[PDB]
Amino acid sequence: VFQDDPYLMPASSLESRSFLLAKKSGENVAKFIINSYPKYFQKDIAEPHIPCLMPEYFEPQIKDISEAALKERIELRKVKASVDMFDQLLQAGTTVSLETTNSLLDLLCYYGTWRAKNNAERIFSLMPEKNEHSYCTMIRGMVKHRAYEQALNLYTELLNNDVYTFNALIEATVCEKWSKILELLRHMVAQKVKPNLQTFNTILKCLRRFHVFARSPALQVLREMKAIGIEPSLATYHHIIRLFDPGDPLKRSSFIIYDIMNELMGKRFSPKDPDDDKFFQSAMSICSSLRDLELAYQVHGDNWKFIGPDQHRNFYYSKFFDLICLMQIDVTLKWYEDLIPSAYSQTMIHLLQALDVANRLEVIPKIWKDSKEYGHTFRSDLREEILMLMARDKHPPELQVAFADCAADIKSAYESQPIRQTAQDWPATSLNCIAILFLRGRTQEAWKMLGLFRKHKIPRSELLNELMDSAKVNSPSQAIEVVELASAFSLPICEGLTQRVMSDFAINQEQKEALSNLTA
Amino acid sequence: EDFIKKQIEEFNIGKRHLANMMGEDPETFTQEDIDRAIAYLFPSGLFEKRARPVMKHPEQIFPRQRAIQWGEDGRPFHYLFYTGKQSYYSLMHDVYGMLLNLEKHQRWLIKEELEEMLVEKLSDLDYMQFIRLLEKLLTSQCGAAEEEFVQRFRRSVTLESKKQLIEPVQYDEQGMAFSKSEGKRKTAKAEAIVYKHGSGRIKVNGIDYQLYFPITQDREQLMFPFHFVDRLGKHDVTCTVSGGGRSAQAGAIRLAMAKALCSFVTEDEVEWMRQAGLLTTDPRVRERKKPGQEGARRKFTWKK
Amino acid sequence: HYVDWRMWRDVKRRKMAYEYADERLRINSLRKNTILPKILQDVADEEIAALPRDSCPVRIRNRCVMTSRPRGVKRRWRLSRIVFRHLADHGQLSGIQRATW
Amino acid sequence: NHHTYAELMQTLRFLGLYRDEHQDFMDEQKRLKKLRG
Amino acid sequence: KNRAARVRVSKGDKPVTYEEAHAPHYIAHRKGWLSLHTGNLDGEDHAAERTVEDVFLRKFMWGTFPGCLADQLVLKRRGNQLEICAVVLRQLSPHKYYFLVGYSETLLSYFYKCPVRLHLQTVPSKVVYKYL
Amino acid sequence: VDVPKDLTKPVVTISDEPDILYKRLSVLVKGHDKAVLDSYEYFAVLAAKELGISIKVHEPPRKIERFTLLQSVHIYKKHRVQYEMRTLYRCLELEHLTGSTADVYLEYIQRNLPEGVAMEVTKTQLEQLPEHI
Amino acid sequence: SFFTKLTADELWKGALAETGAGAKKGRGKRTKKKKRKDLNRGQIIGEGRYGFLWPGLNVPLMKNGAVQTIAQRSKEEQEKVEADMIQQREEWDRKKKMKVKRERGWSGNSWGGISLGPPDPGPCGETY
Amino acid sequence: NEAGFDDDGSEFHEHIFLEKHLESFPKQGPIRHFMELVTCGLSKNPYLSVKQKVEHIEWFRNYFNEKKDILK
Amino acid sequence: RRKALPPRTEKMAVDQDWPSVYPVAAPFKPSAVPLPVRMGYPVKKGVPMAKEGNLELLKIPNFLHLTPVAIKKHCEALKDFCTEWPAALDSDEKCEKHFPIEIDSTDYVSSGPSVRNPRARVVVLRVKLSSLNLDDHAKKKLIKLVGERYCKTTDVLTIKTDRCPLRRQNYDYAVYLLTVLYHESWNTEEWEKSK
RNA sequence: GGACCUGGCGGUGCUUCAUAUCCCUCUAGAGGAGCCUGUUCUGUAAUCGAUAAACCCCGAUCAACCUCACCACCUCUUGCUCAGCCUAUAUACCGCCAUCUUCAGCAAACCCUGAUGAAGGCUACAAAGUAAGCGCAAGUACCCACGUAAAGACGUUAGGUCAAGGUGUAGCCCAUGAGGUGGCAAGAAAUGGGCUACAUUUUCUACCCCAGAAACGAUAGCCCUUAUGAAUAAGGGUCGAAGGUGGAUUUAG
Ligand SMILES: [Mg+2]
Ligand SMILES: [Mg+2]
Ligand SMILES: [Mg+2]
Ligand SMILES: [Mg+2]
Ligand SMILES: [Mg+2]
Ligand SMILES: [Mg+2]
Ligand SMILES: [Mg+2]
Ligand SMILES: [Mg+2]
Ligand SMILES: [Mg+2]
């Protein structure tokens, strides 16, 4: 969906989101222009007539109560229905058809809040003829758009006089209630409805949180589901996996569910429940807590559509790469360097600590360069982390050139942004390792950089060590005009200068030695 | 200057990727493979090769440019730099030294070829002076070093054949020897088979010439080949023709009969026939008509 | 927004001739047939004469599309010679080369 | 139909999406002409 | 002296592109056709429609990506599906680019009742063939 | 490293009816570039060889249609400018070819067209005699 | 029509007429000269007569971390923006057409007492 | 090249054989001659369908039936 | 302000699934393609323009996709679907014996939104009467009826049909015409007996 | 007014040249008659423009009605056009081209000479010229490497073209815009380009070339048929003259 050139190449999750949202907004603008000026695109130049390409017609026809009623279910709104009820009740006083009244009630309950109150209190004027369909759709509406006492009253009225109707009724009853839940389940199973288990899914959704006294009975309820043999175990299974949430991991149940989802993966899947999108995200959320790599590989035909939203995809990939990092890591970095362009701070931090524990120093540069190429700019948390981890090292002598290069790039990025004020406190935190790496070939750069640092300070023990190594690595005056100044500045450089002045520094001139004596 | 090596390594990695794409081991791979692959993967109806797509090595892509001829400080490297034409002058100096050395002891190379060998241009009369110096050297004795020095520049004469191709004799059933040949014309194309041992009558598309060509000059033309060689009634021939013009068909069959007889007859006689000039297809064809002209060459009346 | 009023007239004539095309063909056949009555051919002929103007396909003109130039237009592309040469020179259209023959 | 073409393009320039250089020139000189009488 | 799709020679301060420097007698010899369709071949038809629509498309795209393009368009019609190729400058933002891309793509699709796609290559500054 | 486990294969059904048998599929491609035509026919013959069927190749003549237009606008008849549309033909014949193979190969090629090309199929299939005769 | 219309550069060329007999021969004309102008640089692509607010190009796509939606600019602020653009164009034209003040030397229309500033810097580097 | 536009399942015999549409006139008259020629031309025409052909036929029927005043 | 990342050239390895990176037809995109091939008329002391701004490579047809390796893979994948020709049918005489009635249709394909073209309707068919008629009177009758639809040098009667717009209409009409023609050549008349 | 720089011009000198171009030369033609088609001019209410070379089967690879832009008459007034205008201006222009061109020069950017003047810059056994780039050329197209096409820069004719289209300026904006009926487009005359023949290399006949007869010529006019059309073209019968190979001059190869 994204373009190929590098400039248009979306190099971050938020900007990519905004980009394809702008594309969708252009699609909506196209819809608006076509449905505002249909006559322009009315020409059917293409030989195969396609209603997908034909302009769209939400235009009410002339006043015609019967055809207007038939067009009600075509226009998909509520003002037309109000006007039609008005025309049929006030002056006509007749019903075009009970099916038409049922469809009107369907639409009005779907559309639903004082407006919902008015829409629900304006349906009782409907002609006496109100069958089950009408009553149970009123229940549907009062449940999924308003409070639950009204739905309960309507259900009692119906009893005095469907699968997802009773589903909504159970939702209303539930949303501690032990006897309620029990009698509900009992009479529901007693009736001959034979639900599609969406009632069970909804009662699970309501049981999202409870102790073992309903977490464990869910297992036998699922075993009964399996015995009747209806459920694919797509959503209720995942919801009980989530309900397992937790002061202590349950390794036994974890292994059991591992085998279960293993055979579920082995078999082929077909979608039936609209809530299979939270499946992916919360499943990987539980996987992250579990921390297992064979588990991650198991969780990894066209079942990749259930990821959907970029937020859930982000959570999944983040937890996946985090587990893979915190698991050698050669195969992990292989998988990563394979999926980085397709895939999208915390992940990079985990990568840095994984590379540290691995000791693969040569890899971190390329990773930092990739992050910078994509979106890593105007933030120094990861810069601090990489600098500390890379200059805790000095063991590669030839790699000091790469140290200097990446340090120069890091400083080029660090000094970009004055107006923001955020670049002022970055050197105070991470300039020490940067300057040490610069010292480790080129030295004048690090010299003047430490000058700028101290002339911005927060001295440090490794800063003292840096100053000492720099001074000892031939030029007395060039070393003095730095070490003596930093000593006059602060006391630890002075207690180090006490020793520095022995070799060849104090013999040059006494005015700076006099200043040192005064400060000491 | 590093740009050159960058392009070289880019070309190397691109050659590797292209070998991988076309499906061959990158070790064994050739410029012919490069050319064929780029032609198949990016065809183009452009007529000029220089305009068509080409994947070539940077060293021959870029023309040779003279590197920095003076060091970073002070003096230059060569001792003629403060004047132009330094390489030419040094070459002339060495040449004159060799000339006077020989004195005390006692094909050619194109101008632009010399230019592209060096990194300097020059003038036509300067080139002529260089040629004069070379020929003055060669008029006298020359050692092995001098001969190889001169032949560094001298190129292959590349002489042509100046000969008429000989078609192969053939044999068919009941022990019948023969030879076939083909000829063409303005708009007529024919091919004729000659039988050496046969003789007498002649066929034309299944008809004899005596009644196929009512006019005499056509028969004179088709007889002219046999008359020159003097072997007249010792060879019979069949022939097939496809054309519009009578004289066109006549010339076509004449050329085909000659190209068939040159095989049987000796190469000496073939050379005699070439000297006679009846073994070459006429390149002359009806000139095109132009848009503003009344014909191919005639213009409308200049009215003044 | 056609280019000019003569283009407008051409379009009106085209539409009229189209929407009266079948009738013109039928009655013209009834006129040009031979075995049918002369009086019937005459009926058909005054019928055609009473038919409205701008209805015959002879009054229309294969005018240009861009410049509204009536003369010097190619039927295949429908463009004027000038616009055709412009597009060919700038290489906008496809598969057209200069005749270097 | 130039009707459809030009009407669409005029409406779209009114929306402010197609910067019509020719129409910009035309109405700029129209402004100047109505200014100078 | 003929004036046809060729740039007058200046003192040498006029950057010019490949096709704009080359003359209209170098079309097949040292150039390619910007559009590619089969209406020009023998036996086919609708060529006038192809030409008028491709001209309209070029104008519309020039005016819906104004000031960013730096070269002529390339049209590639493989059977039903239509493909466009452009070269642009990195002046405006990728937000702008993608939004107008989707917009014009939808417009072309709904106008021609045809599947349409377009690609665009970014350049920092216009590529110059010669200084004329 | 990412290699899929279960490759989704589309379903196929062998209907009870027999498949038609084409005697000769002769395809004729018109283009503007002989090089593009050479690449296209190389593609086609390579696919046919790999599928294991016969093949034939030959290059019919190049056809050209040229025409004269006025060089200038108002008054210049001596000075004209010419143009020419060049079409280049290439033929490919396939004999003893089953109906389903014909279908699949034709859709493959039809999706693998380049732009500046036209493709003309002539199908020749044999059949037995009717019953009314 | 839309097809009859054409782009800006050739239009400006034909309108200004820098070529032809006028410029050639040095005859020129009697002190009439149309100055070139660029209209595309002035107005940003977003606005038009009917001011639909565009999250993609005219308005920032995100505000308060929330995607925006198409909306209408009412006639009051529409006229406001139009007057602002009128004022901006007027200021641009004013800044374009102004006086030119080269210091008076020996006399007006004479190149005597004028200085061209220092010479150009040399290739090897010579500050003059 | 006929993906769609099946002509409402029409048939070649419905296109060509118009003898059933030809019932209301004898076998010899000039109207018979003219309408036979019409049917020939229509069957030769592939562009139009049985619908357009029968509308043509009905139009001819109407017109010469209101011109039935002559029958000469 | 914004800066474009460097191209994918250094990112792509020498061993790579080019069929996967270019599955279908698409433009060149030198940013994605690492090959430094250039195309353009060179200037004196110059070279063709680099691949970046080279829109000549864009306007020319594109064949980076569909490499020989990709072709091999697609062919060996689709072999699962392709069928086998009857081995018994291996010669012209044998196939025309098994199925004498040859029939052939045809249609062009052209770039554009529309797909219908009138030439789709035309179809023709061929058959040799050496083995089909099985009699002499009806044979002489049929050859007298048909004027030029036969060819005795090749010994084949060939007939076309285009009177119908639909290919299936053409087919059915040709079959019915042939049937009625055979049935009417079977019989005869007295004026035909008198010759 | 004196002396100078550059260009043009010379019925200006010397030398080398002229490819179908200068001639001498070769062929076939035009200016003879008729016809077709343009132009000038006459009259008409009845377009417009080019109208030496470098226009005259030119805008036109088309005018019986639209094409039509003229004119008489009759109607519309926000008019398909967020109007329109075939209104003047090609001496505002773009766009497109003739021209020398059947040329080979044009040149940004530098240096030098002339006392640091306009201007000029050539000597090869060499004395201040160096050169980007354009063009020529080269290469490409047709059948080759020749040939033909193509290309053919800088500039001149204020060259043609606001009537292909748009646009600057100036105008009509009940009109100088728009719509529908009609005819307009003939020749006392002159001229141009082309066709036909004025003959026996001709005319007729079957064939396209071994024959037999005659000793010509209408693509104009009259009548008729048919072609498409709602309302000029091909064919057939009659008419069977001018015409006898061109008046100075002139065209193409
Ligand atoms: Mg010319
Ligand atoms: Mg003054
Ligand atoms: Mg007219
Ligand atoms: Mg007017
Ligand atoms: Mg002029
Ligand atoms: Mg030419
Ligand atoms: Mg040339
Ligand atoms: Mg003038
Ligand atoms: Mg007529």
# chains A, B, ... in the order shown; residues from 1 in each chain; ligands from 1
>>> interface_residues(of="chain E", to="chain J", cutoff="12 Å", atoms="only C-alpha atoms (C1' of nucleotides)", output="count of residues only")
24
>>> residues_around(residues="residue 90 in chain C", least_positions_apart="2", cutoff="12 Å", atoms="only C-alpha atoms (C1' of nucleotides)", output="MDAnalysis selection string")
(chainID C and resid 83:88 92:94 96:97) or (chainID E and resid 3:7 19:27 31:35 55 72:73)
>>> residues_around(residues="residue 254 in chain B", least_positions_apart="2", cutoff="8 Å", atoms="only C-alpha atoms (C1' of nucleotides)", output="list in words")
residues 183, 221, 222, 223, 224, 225, 250, 251, 252, 256, 257 and 258 of chain B
>>> select_by_dssp(residues="range 79-141 of chain I", states="strand (DSSP E)", output="VMD selection string")
chain I and resid 101 to 109 123 to 127
>>> residues_around(residues="residue 16 in chain D", least_positions_apart="2", cutoff="8 Å", atoms="only C-alpha atoms (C1' of nucleotides)", output="ChimeraX atom specification")
/D:12-14,18-19 /G:45-51
>>> write_last_selection(atoms="N, CA, C and O atoms", output="tab-separated table (two decimals), in the first residue's frame")
chain	number	residue	atom	x	y	z
D	12	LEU	N	-14.05	22.25	-9.38
D	12	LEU	CA	-12.91	21.81	-8.60
D	12	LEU	C	-11.95	22.95	-8.31
D	12	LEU	O	-11.35	23.00	-7.23
D	13	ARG	N	-11.80	23.90	-9.24
D	13	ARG	CA	-11.01	25.09	-8.95
D	13	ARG	C	-11.70	25.95	-7.90
D	13	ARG	O	-11.04	26.55	-7.05
D	14	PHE	N	-13.04	26.02	-7.95
D	14	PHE	CA	-13.77	26.72	-6.90
D	14	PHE	C	-13.51	26.07	-5.55
D	14	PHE	O	-13.34	26.76	-4.54
D	18	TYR	N	-7.33	22.42	-8.27
D	18	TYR	CA	-6.63	22.50	-9.55
D	18	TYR	C	-6.26	23.95	-9.81
D	18	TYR	O	-7.12	24.78	-10.13
D	19	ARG	N	-4.97	24.27	-9.67
D	19	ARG	CA	-4.51	25.63	-9.91
D	19	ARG	C	-4.48	25.91	-11.41
D	19	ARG	O	-3.49	25.63	-12.09
G	45	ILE	N	-2.19	25.63	-2.37
G	45	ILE	CA	-3.09	24.84	-3.20
G	45	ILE	C	-4.45	24.61	-2.56
G	45	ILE	O	-5.39	24.22	-3.25
G	46	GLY	N	-4.58	24.83	-1.25
G	46	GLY	CA	-5.75	24.33	-0.55
G	46	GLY	C	-7.01	25.13	-0.82
G	46	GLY	O	-8.05	24.56	-1.16
G	47	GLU	N	-6.93	26.44	-0.69
G	47	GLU	CA	-8.14	27.26	-0.64
G	47	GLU	C	-8.74	27.45	-2.03
G	47	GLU	O	-8.05	27.43	-3.05
G	48	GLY	N	-10.06	27.64	-2.04
G	48	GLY	CA	-10.79	27.99	-3.24
G	48	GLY	C	-11.99	28.85	-2.88
G	48	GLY	O	-12.02	29.43	-1.79
G	49	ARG	N	-12.97	28.95	-3.77
G	49	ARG	CA	-14.19	29.68	-3.43
G	49	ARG	C	-14.91	29.02	-2.26
G	49	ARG	O	-15.09	29.63	-1.20
G	50	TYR	N	-15.32	27.77	-2.44
G	50	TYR	CA	-15.94	27.00	-1.36
G	50	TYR	C	-14.84	26.41	-0.49
G	50	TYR	O	-14.09	25.53	-0.94
G	51	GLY	N	-14.74	26.89	0.74
G	51	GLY	CA	-13.64	26.52	1.61
G	51	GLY	C	-13.86	25.26	2.41
G	51	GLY	O	-14.13	25.32	3.62
>>> residues_near_ligand(ligand="ligand 3", cutoff="10 Å", atoms="only C-alpha atoms (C1' of nucleotides) and all ligand atoms", output="PDB file with N, CA, C and O atoms (P, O5', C5', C4', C3', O3' and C1' of nucleotides), in the first residue's frame")
ATOM      1  N   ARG C  59     -25.770  17.040 -43.281  1.00  0.00           N
ATOM      2  CA  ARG C  59     -25.494  18.397 -42.832  1.00  0.00           C
ATOM      3  C   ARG C  59     -24.392  18.428 -41.784  1.00  0.00           C
ATOM      4  O   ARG C  59     -23.716  19.452 -41.631  1.00  0.00           O
TER       5      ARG C  59
ATOM      6  P     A J  63     -14.842  21.405 -47.620  1.00  0.00           P
ATOM      7  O5'   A J  63     -15.698  22.475 -48.433  1.00  0.00           O
ATOM      8  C5'   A J  63     -16.451  22.098 -49.576  1.00  0.00           C
ATOM      9  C4'   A J  63     -17.545  23.097 -49.863  1.00  0.00           C
ATOM     10  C3'   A J  63     -18.520  22.735 -50.970  1.00  0.00           C
ATOM     11  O3'   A J  63     -19.528  21.832 -50.550  1.00  0.00           O
ATOM     12  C1'   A J  63     -17.825  24.975 -51.235  1.00  0.00           C
ATOM     13  P     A J  64     -20.201  20.817 -51.599  1.00  0.00           P
ATOM     14  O5'   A J  64     -21.607  21.485 -51.937  1.00  0.00           O
ATOM     15  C5'   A J  64     -21.682  22.663 -52.727  1.00  0.00           C
ATOM     16  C4'   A J  64     -23.055  22.848 -53.322  1.00  0.00           C
ATOM     17  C3'   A J  64     -24.204  22.922 -52.329  1.00  0.00           C
ATOM     18  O3'   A J  64     -24.368  24.219 -51.783  1.00  0.00           O
ATOM     19  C1'   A J  64     -24.756  21.424 -54.080  1.00  0.00           C
ATOM     20  P     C J  65     -23.700  24.601 -50.372  1.00  0.00           P
ATOM     21  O5'   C J  65     -24.867  24.354 -49.320  1.00  0.00           O
ATOM     22  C5'   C J  65     -26.043  25.148 -49.327  1.00  0.00           C
ATOM     23  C4'   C J  65     -27.077  24.585 -48.389  1.00  0.00           C
ATOM     24  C3'   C J  65     -26.589  24.312 -46.974  1.00  0.00           C
ATOM     25  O3'   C J  65     -26.636  25.459 -46.144  1.00  0.00           O
ATOM     26  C1'   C J  65     -27.660  22.388 -47.805  1.00  0.00           C
ATOM     27  P     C J  66     -25.276  26.195 -45.708  1.00  0.00           P
ATOM     28  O5'   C J  66     -24.774  25.373 -44.439  1.00  0.00           O
ATOM     29  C5'   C J  66     -25.422  25.509 -43.183  1.00  0.00           C
ATOM     30  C4'   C J  66     -24.720  24.726 -42.100  1.00  0.00           C
ATOM     31  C3'   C J  66     -23.222  24.958 -41.973  1.00  0.00           C
ATOM     32  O3'   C J  66     -22.905  26.130 -41.238  1.00  0.00           O
ATOM     33  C1'   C J  66     -23.685  22.630 -41.907  1.00  0.00           C
ATOM     34  P     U J  67     -21.519  26.244 -40.428  1.00  0.00           P
ATOM     35  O5'   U J  67     -20.425  25.624 -41.409  1.00  0.00           O
ATOM     36  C5'   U J  67     -19.255  24.998 -40.897  1.00  0.00           C
ATOM     37  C4'   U J  67     -18.259  24.705 -41.992  1.00  0.00           C
ATOM     38  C3'   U J  67     -18.041  25.823 -43.004  1.00  0.00           C
ATOM     39  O3'   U J  67     -16.980  26.682 -42.617  1.00  0.00           O
ATOM     40  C1'   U J  67     -18.425  23.739 -44.123  1.00  0.00           C
ATOM     41  P     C J  68     -17.190  27.873 -41.557  1.00  0.00           P
ATOM     42  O5'   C J  68     -18.464  28.654 -42.098  1.00  0.00           O
ATOM     43  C5'   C J  68     -18.392  30.047 -42.378  1.00  0.00           C
ATOM     44  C4'   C J  68     -19.704  30.561 -42.904  1.00  0.00           C
ATOM     45  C3'   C J  68     -20.925  29.887 -42.297  1.00  0.00           C
ATOM     46  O3'   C J  68     -22.011  30.810 -42.236  1.00  0.00           O
ATOM     47  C1'   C J  68     -20.853  29.439 -44.617  1.00  0.00           C
TER      48        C J  68
END
>>> closest_residue(among="C:14, C:32, C:71, C:76", to="chain J", atoms="only C-alpha atoms (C1' of nucleotides)")
C:71
>>> residues_near_ligand(ligand="ligand 9", cutoff="10 Å", atoms="only C-alpha atoms (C1' of nucleotides) and all ligand atoms", output="PDB file with C-alpha atoms (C1' of nucleotides), in the first residue's frame")
ATOM      1  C1'   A J 227     -24.131   6.167 -57.731  1.00  0.00           C
ATOM      2  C1'   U J 228     -25.135   8.561 -52.500  1.00  0.00           C
ATOM      3  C1'   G J 229     -28.285  12.167 -50.812  1.00  0.00           C
ATOM      4  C1'   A J 230     -33.999  14.483 -47.990  1.00  0.00           C
ATOM      5  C1'   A J 231     -32.872  17.729 -51.979  1.00  0.00           C
ATOM      6  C1'   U J 232     -21.966  16.826 -58.127  1.00  0.00           C
ATOM      7  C1'   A J 233     -19.846  11.758 -60.013  1.00  0.00           C
TER       8        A J 233
END
>>> residues_around(residues="residue 7 in chain G", least_positions_apart="5", cutoff="9 Å", atoms="only C-alpha atoms (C1' of nucleotides)", output="JSON, numbers by chain")
{"D": [20, 21, 22], "E": [59]}
>>> write_last_selection(atoms="C-alpha atoms", output="PDB file, in the first residue's frame")
ATOM      1  CA  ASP D  20      -5.712  26.724 -13.363  1.00  0.00           C
ATOM      2  CA  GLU D  21      -2.938  28.969 -14.659  1.00  0.00           C
ATOM      3  CA  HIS D  22      -4.951  29.981 -17.728  1.00  0.00           C
TER       4      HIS D  22
ATOM      5  CA  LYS E  59      -3.322  18.209 -17.695  1.00  0.00           C
TER       6      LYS E  59
END
>>> residues_near_ligand(ligand="ligand 8", cutoff="7 Å", atoms="only C-alpha atoms (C1' of nucleotides) and all ligand atoms", output="list in words")
residues 90, 158 and 159 of chain J
>>> residues_around(residues="range 158-175 of chain B", least_positions_apart="2", cutoff="9 Å", atoms="only C-alpha atoms (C1' of nucleotides)", output="PDB file with C-alpha atoms, in the first residue's frame")
ATOM      1  CA  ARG B 107      48.657  -0.106 -41.418  1.00  0.00           C
ATOM      2  CA  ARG B 155      47.170  -1.414 -37.002  1.00  0.00           C
ATOM      3  CA  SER B 156      45.877  -4.340 -39.025  1.00  0.00           C
ATOM      4  CA  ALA B 177      24.448 -34.058 -59.845  1.00  0.00           C
ATOM      5  CA  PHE B 178      23.438 -30.400 -59.847  1.00  0.00           C
ATOM      6  CA  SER B 179      23.923 -27.030 -58.177  1.00  0.00           C
ATOM      7  CA  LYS B 180      21.338 -24.485 -57.043  1.00  0.00           C
ATOM      8  CA  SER B 181      21.685 -20.720 -56.752  1.00  0.00           C
ATOM      9  CA  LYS B 259      25.705 -18.002 -59.301  1.00  0.00           C
ATOM     10  CA  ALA B 260      24.898 -21.626 -60.142  1.00  0.00           C
ATOM     11  CA  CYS B 262      30.331 -20.418 -60.913  1.00  0.00           C
ATOM     12  CA  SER B 263      30.215 -23.546 -58.747  1.00  0.00           C
ATOM     13  CA  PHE B 264      30.791 -25.969 -61.621  1.00  0.00           C
ATOM     14  CA  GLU B 267      37.630 -20.274 -59.960  1.00  0.00           C
ATOM     15  CA  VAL B 270      34.696 -17.228 -61.971  1.00  0.00           C
ATOM     16  CA  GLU B 271      37.249 -14.422 -61.702  1.00  0.00           C
ATOM     17  CA  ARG B 274      33.594 -11.117 -62.109  1.00  0.00           C
ATOM     18  CA  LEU B 279      28.033 -11.636 -60.554  1.00  0.00           C
TER      19      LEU B 279
END
>>> select_by_dssp(residues="range 31-190 of chain I", states="helix (DSSP H, G or I)", output="number ranges by chain")
I: 56-59, 68-78, 92-98, 118-120, 137-145, 167-186, 190
>>> residues_around(residues="residue 26 in chain B", least_positions_apart="3", cutoff="9 Å", atoms="only C-alpha atoms (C1' of nucleotides)", output="tab-separated table (two decimals) with N, CA and C atoms, in the first residue's frame")
chain	number	residue	atom	x	y	z
B	15	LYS	N	26.58	-6.72	-11.19
B	15	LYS	CA	26.81	-7.91	-12.01
B	15	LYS	C	26.50	-9.17	-11.22
B	16	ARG	N	26.88	-9.20	-9.95
B	16	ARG	CA	26.56	-10.36	-9.12
B	16	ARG	C	25.05	-10.52	-8.98
B	17	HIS	N	24.35	-9.43	-8.67
B	17	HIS	CA	22.90	-9.49	-8.53
B	17	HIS	C	22.24	-9.92	-9.84
B	18	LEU	N	22.76	-9.45	-10.97
B	18	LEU	CA	22.18	-9.80	-12.26
B	18	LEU	C	22.41	-11.26	-12.60
B	19	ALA	N	23.60	-11.78	-12.29
B	19	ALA	CA	23.84	-13.21	-12.47
B	19	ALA	C	22.89	-14.02	-11.61
B	20	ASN	N	22.68	-13.59	-10.37
B	20	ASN	CA	21.72	-14.27	-9.51
B	20	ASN	C	20.32	-14.24	-10.11
B	23	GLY	N	20.07	-16.46	-13.19
B	23	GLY	CA	20.24	-17.86	-12.83
B	23	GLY	C	21.52	-18.48	-13.36
B	29	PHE	N	30.83	-15.74	-15.92
B	29	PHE	CA	29.91	-14.72	-16.41
B	29	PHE	C	30.69	-13.81	-17.35
